[PDB]
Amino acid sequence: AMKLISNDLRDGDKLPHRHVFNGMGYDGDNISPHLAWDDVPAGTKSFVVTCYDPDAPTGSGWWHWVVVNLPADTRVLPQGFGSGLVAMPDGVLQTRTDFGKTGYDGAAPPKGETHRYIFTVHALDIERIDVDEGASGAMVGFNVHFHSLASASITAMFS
């Protein structure tokens, strides 16, 4: 029964300022949160980690961060993994977000709105998904849908 925990986030609590966006009217530190998981399914060959806001009023939500092809032995993403603080393990790729770039960028909702910022880890049954860094969050999501063995998430609320 795969579990996702974090030294930074608490499921259902407010997203700490450390992980809020640093512009667009906000002044958060824009650092990806620590994430750690356990009890993965047998047959796991890689992981995908994402940050998605289902409440962004765009017609398709908003992908904040997408990490693919994490090797089967991965059980943690240190704080700042999506922010240039951590070396990328071989074969890992950070793919394209709705901000038109790769890597993590935090919450920055319309002033006064509170959205869900869902951090999810998916265990896949394939070692590598066939994508490059220009792949959209939906394109990764398509691959996740057909290859997922299990998932676990933590949702942080912002504002």
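Residue positions are given as counts along the sequence shown, with the first one as 1.
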**Comparing 45 to 53 with 89 to 97, the one whose average Cα B-factor in the PDB entry is higher** = 89 to 97
**Prompt:** Which is higher on average in the deposited entry, the C-alpha temperature factors of 123 to 131 or of 65 to 73?
**Reply:** 123 to 131
**Item:** Selection by C-alpha B-factor (highest) of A107, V40, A36, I118
**Value:** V40
**Item:** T114, C-alpha B-factor rank within chain (lowest, middle or highest third)
**Value:** highest
**Item:** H19 by Cα B-factor - lowest, middle or highest third of the modelled chain
**Value:** lowest
**Request:** Rank-wise, by C-alpha B-factor, drop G12 into the lowest, middle or highest third of its chain.
**Result:** highest
**Prompt:** So where's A138 on the chain's Cα temperature factor ranking, which third?
**Reply:** lowest
